[PDB]
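>>> Experimental structure and its sequence below.
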Amino acid sequence: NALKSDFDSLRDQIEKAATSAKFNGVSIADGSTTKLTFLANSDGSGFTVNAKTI
Amino acid sequence: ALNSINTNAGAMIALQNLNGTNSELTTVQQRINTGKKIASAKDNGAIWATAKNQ
């Protein structure tokens, strides 16, 4: 039971840590979106960063 | 009329260029004083609002 409680505590810690990794309301670690594209060129071309849900 | 005694455009244009230089100097001095590009809401509304909320 003690080991089970330790396991549960660590899992809840993981969820808390993962859900708070937001900057400006968007994140690449929660799984809310599939990718984020930033500006890469003066003509509108994009730099794509795929989302890595952790 | 190249010899007019009432007006001259050279002084007007010199004044305009001097005022433009003064405005750029004001912007640079503000950057040096506050130590940051987006200091107020006039510099960039979107980035300023984002930084405040974050």
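Noted; the coordinates are in hand. Numbering: from 1, shown residues only, chains lettered A, B, ... in the order given.

>>> Could you pull out the strands in chain A for me?
Assigned by DSSP state E, the strands in chain A fall at A:35-39, A:46-50.

>>> which one of these lies closest to residue B:35?
Each of the strands of chain A was scored for nearness to residue B:35 using C-beta to C-beta, and the closest is strand A:35-39 (25.5 Å). For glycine as for every other residue, the C-beta is placed from the backbone atoms N, C-alpha and C.

>>> what about residue 21, how many neighbours?
Picked chain A for this. Residue A:21 is flanked by 11 other residues according to other C-beta atoms under 10 Å in any protein chain shown.

>>> Wait, chain B was what I had in mind.
By other C-beta under 10 Å, 10 other residues sit near residue B:21.

>>> show me what contacts the closest residue to residue A:46 other than its chain neighbours?
Leaving aside its sequence neighbours, residue A:46 sits nearest to residue A:37 (C-beta to C-beta, 6 or more residues apart in numbering or on different chains; 4.2 Å). Residue A:37 sits next to A:46, A:47, A:48, A:49 when contact means C-beta atoms under 8 Å, 6 or more residues apart in numbering or on different chains.

>>> could these go into JSON lines alongside distance to residue B:51?
Formatted as JSON lines, the contacts of residue A:37 follow (distance: C-beta to C-beta, whole Å):
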{"residue": "A:46", "distance to residue B:51": "24"}
{"residue": "A:47", "distance to residue B:51": "22"}
{"residue": "A:48", "distance to residue B:51": "25"}
{"residue": "A:49", "distance to residue B:51": "21"}
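
>>> Great, nothing more from me.
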